[PDB]
Amino acid sequence: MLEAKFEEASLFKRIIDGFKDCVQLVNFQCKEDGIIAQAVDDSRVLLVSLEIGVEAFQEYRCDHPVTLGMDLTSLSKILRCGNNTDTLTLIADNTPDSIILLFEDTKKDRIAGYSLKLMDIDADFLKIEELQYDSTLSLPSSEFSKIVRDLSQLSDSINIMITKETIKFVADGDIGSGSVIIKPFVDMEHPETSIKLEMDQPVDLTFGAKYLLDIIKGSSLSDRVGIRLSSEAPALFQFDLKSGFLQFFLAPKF
Amino acid sequence: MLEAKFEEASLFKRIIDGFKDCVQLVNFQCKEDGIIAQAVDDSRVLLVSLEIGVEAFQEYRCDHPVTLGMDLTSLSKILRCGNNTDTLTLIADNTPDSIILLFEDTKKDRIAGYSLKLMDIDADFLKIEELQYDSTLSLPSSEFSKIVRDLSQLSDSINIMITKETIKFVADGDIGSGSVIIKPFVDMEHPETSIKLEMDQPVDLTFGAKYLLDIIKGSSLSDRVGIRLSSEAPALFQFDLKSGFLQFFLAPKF
Amino acid sequence: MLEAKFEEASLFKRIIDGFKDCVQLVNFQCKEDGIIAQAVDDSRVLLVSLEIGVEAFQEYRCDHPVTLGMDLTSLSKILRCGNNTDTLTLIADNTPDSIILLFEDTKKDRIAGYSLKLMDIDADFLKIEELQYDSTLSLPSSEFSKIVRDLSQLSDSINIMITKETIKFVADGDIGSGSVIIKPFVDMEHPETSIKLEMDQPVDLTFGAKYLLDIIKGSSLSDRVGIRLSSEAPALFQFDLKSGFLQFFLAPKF
């Protein structure tokens, strides 16, 4: 039995919005301590791990863990009915064949009850997170969003390279080149909105932009994206939430 | 001879905007007491009846009734030249081969004179309005607009059913279900913006959404759409105007 | 050697925006006194001549004249990286194989360095400007923009005709007709925003709208477009700049 309600329906949509570089389809494991999901690129090159905690909801109740396999595209659509930011409630039962979605308005007071036919897919769950990453850095999602979108113009292949206190975003296609090169630093100034690099190694990794754009789509979710990168491993892009995160592991080329 | 001028050109466009689920083509019967038109779906399943009264214009003059058969799509385009909301004048003569359209600005004072080649089509005019409808109801266009657009996601086939003081909008496609269920009621409160049901029978009618969306397009014209529904008959959706209406008769499935 | 920096990057984009009815490709001759370019329709019917002066830049330095042949579409894209209105710097060297573009923010202080592979195209440069034009007129770009876009609906062929103190923009396709007829005049009133006709002859010229729309795209650049027209010759549409212009010579039909 499950009753999970976001105060602000806007949220769950945004989260679901971070698929679509995900395989139209996904399992939503609903434990006692919230929800997690796992989607993978059709060619197994990007992985989206989601985690939403109890404190992220307005109210949450899961009596016994239940796994909600569903078709994203489909669930995506139902979320359109959602006038975003008022009171999506998710619901399921002892044995679930469909998940129920209750949008609402509290004091305009119009409630609609949509159900989605549950898919039931086979769940090979992955734990590829490394402990140590050659480099970690975290800049504000919004900036990264441009740097991605901007380089994505020139090249199909965006190269990220970190040198001592120097991060270099370099795209080089056949039409031309471009490079964004930015300090860490920290202004004691605005708010956070600063650049944070802790380096253990140099790195020279290069990723398909097509994916980067699909990653940075979840730029809306956080203020600040944390990137981790290592040679023999993939890169981890992390957007943070009230008491959970959305994260994209994306394999580098070569 | 005809000289018909809307003060606000915005209007006539909006009205013409309620075709397009109409057959690119239509007769515009211009009597002494205003204009009426009649379009039908290519497959004869939707009917759009328009009526615009004298009081709806800023000025109107028809010396002898005249029938203006014209190509909507074409006339639609000329209306684009219209900076909406300033002084469309329609014009025609004793025997008409083209209708003239004079857009203007009163005190910016730029006038443009467009003519449209009159089509001349054969006019089987229909009077299928029943006297008694099993149920009448009227809610605010804007709400209905969502309920239509929203259910239109899940199903291709939206079912409207009225039970004693309970209207149920139910869409059930193969991807999932959805149901919007709303009271009548009346708040003595805001303005009108209330829900009005007078029931004589239960009804369980189901219509193609594809059409419903084409009907609710004319949501802009009124504040409040009046729906009438009966079993052996079609449904009548009515948007109201200064001294006239636009209305869609749409046949139910089965 | 070249260092050319617009204070407001917005500008150079807008200028480049006035191609696309230009052959994806163009030479940019960078003299000591600024830049000029010349593009032509693939079928040689429209010509775009650009001239940007020193005073139009924030700073400009050309040590010896250099010619920058480049692919518009490509250069167009790099300009997207430009958050329009902050500090595009163009750069090239003694012998140039690529032009470098430095976007910036002055006190947000994020700099990106893009290079574009220089094309090298063969330069047949044209000087078809007549001295005397049967008629000159200049109205505000914005008005002309509508009159073009509006007539462009009815016809494929827009006819401009100037009679004594009467300019007549007439489109007549097969769907219908339209005519915009406007006085010169002058209100000593608003600002400029007046209509200016000096006539030496009648004219009855007719141009492809498809092009007119491509011409009036550069409506953003000036407030006021100057049109010149002569029978045996093409028409000259001129948009004006800080210390230069963009201009379209377009041949009339027949």
# chains A, B, ... in the order shown; residues from 1 in each chain; ligands from 1
>>> residues_around(residues="residue 218 in chain A", least_positions_apart="4", cutoff="9 Å", atoms="only C-alpha atoms", output="list in words")
residues 14, 15, 17, 18, 19, 141, 214, 222, 239 and 246 of chain A
>>> residues_around(residues="residue 139 in chain C", least_positions_apart="6", cutoff="7 Å", atoms="only C-alpha atoms", output="VMD selection string")
chain C and resid 194 to 196 224 to 226
>>> write_last_selection(atoms="N, CA and C atoms", output="PDB file, in the first residue's frame")
ATOM      1  N   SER C 194       8.146  59.476 -39.983  1.00  0.00           N
ATOM      2  CA  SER C 194       7.292  60.012 -41.036  1.00  0.00           C
ATOM      3  C   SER C 194       7.622  59.386 -42.388  1.00  0.00           C
ATOM      4  N   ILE C 195       6.792  59.670 -43.385  1.00  0.00           N
ATOM      5  CA  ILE C 195       6.955  59.083 -44.707  1.00  0.00           C
ATOM      6  C   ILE C 195       7.540  60.100 -45.698  1.00  0.00           C
ATOM      7  N   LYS C 196       8.626  59.709 -46.372  1.00  0.00           N
ATOM      8  CA  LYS C 196       9.409  60.620 -47.219  1.00  0.00           C
ATOM      9  C   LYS C 196       9.544  60.177 -48.687  1.00  0.00           C
ATOM     10  N   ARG C 224      14.228  53.008 -39.823  1.00  0.00           N
ATOM     11  CA  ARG C 224      13.648  53.515 -41.054  1.00  0.00           C
ATOM     12  C   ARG C 224      14.319  52.983 -42.313  1.00  0.00           C
ATOM     13  N   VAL C 225      13.542  52.286 -43.133  1.00  0.00           N
ATOM     14  CA  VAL C 225      14.058  51.749 -44.381  1.00  0.00           C
ATOM     15  C   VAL C 225      13.882  52.729 -45.538  1.00  0.00           C
ATOM     16  N   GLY C 226      14.978  52.985 -46.252  1.00  0.00           N
ATOM     17  CA  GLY C 226      14.974  53.753 -47.508  1.00  0.00           C
ATOM     18  C   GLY C 226      14.970  52.871 -48.758  1.00  0.00           C
TER      19      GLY C 226
END
>>> interface_residues(of="chain C", to="chain B", cutoff="7 Å", atoms="only C-alpha atoms", output="PyMOL selection string")
chain C and resi 150+153+175-180
>>> write_last_selection(atoms="N, CA and C atoms", output="mmCIF file, in the first residue's frame")
data_model
loop_
_atom_site.group_PDB
_atom_site.id
_atom_site.type_symbol
_atom_site.label_atom_id
_atom_site.label_comp_id
_atom_site.auth_asym_id
_atom_site.auth_seq_id
_atom_site.Cartn_x
_atom_site.Cartn_y
_atom_site.Cartn_z
ATOM 1 N N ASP C 150 2.055 41.197 -44.721
ATOM 2 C CA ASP C 150 0.606 41.199 -44.940
ATOM 3 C C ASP C 150 0.185 40.927 -46.372
ATOM 4 N N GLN C 153 0.792 37.360 -47.909
ATOM 5 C CA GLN C 153 -0.228 36.344 -47.668
ATOM 6 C C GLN C 153 -1.011 36.025 -48.935
ATOM 7 N N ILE C 175 -5.932 33.897 -54.880
ATOM 8 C CA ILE C 175 -6.873 33.720 -53.773
ATOM 9 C C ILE C 175 -7.642 35.018 -53.519
ATOM 10 N N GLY C 176 -7.016 36.140 -53.863
ATOM 11 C CA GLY C 176 -7.613 37.455 -53.676
ATOM 12 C C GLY C 176 -6.628 38.592 -53.877
ATOM 13 N N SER C 177 -7.070 39.797 -53.530
ATOM 14 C CA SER C 177 -6.258 40.999 -53.682
ATOM 15 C C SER C 177 -6.099 41.728 -52.358
ATOM 16 N N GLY C 178 -5.170 42.674 -52.347
ATOM 17 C CA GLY C 178 -4.971 43.559 -51.217
ATOM 18 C C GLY C 178 -4.155 44.737 -51.679
ATOM 19 N N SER C 179 -4.393 45.890 -51.078
ATOM 20 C CA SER C 179 -3.657 47.071 -51.451
ATOM 21 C C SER C 179 -3.511 47.969 -50.254
ATOM 22 N N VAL C 180 -2.276 48.358 -49.980
ATOM 23 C CA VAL C 180 -2.003 49.339 -48.953
ATOM 24 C C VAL C 180 -1.574 50.609 -49.647
#
>>> atom_distance(atom1="CA of residue 193 in chain C", atom2="CA of residue 86 in chain C")
29.0 Å
>>> residues_around(residues="residue 163 in chain A", least_positions_apart="3", cutoff="10 Å", atoms="only C-alpha atoms", output="MDAnalysis selection string")
chainID A and resid 135 166:168 199:204
>>> closest_residue(among="A:120, A:41, A:198, A:32", to="residue 65 in chain A", atoms="only C-alpha atoms")
A:32
>>> atom_distance(atom1="CA of residue 210 in chain B", atom2="CA of residue 247 in chain B")
16.8 Å
>>> select_by_dssp(residues="range 2-237 of chain A", states="strand (DSSP E or B)", output="PyMOL selection string")
chain A and resi 2-5+25-31+34-40+46-52+59-62+66-71+89-92+98-103+112-117+135-140+157-163+166-172+176-182+196-199+203-208+224-229+235-237
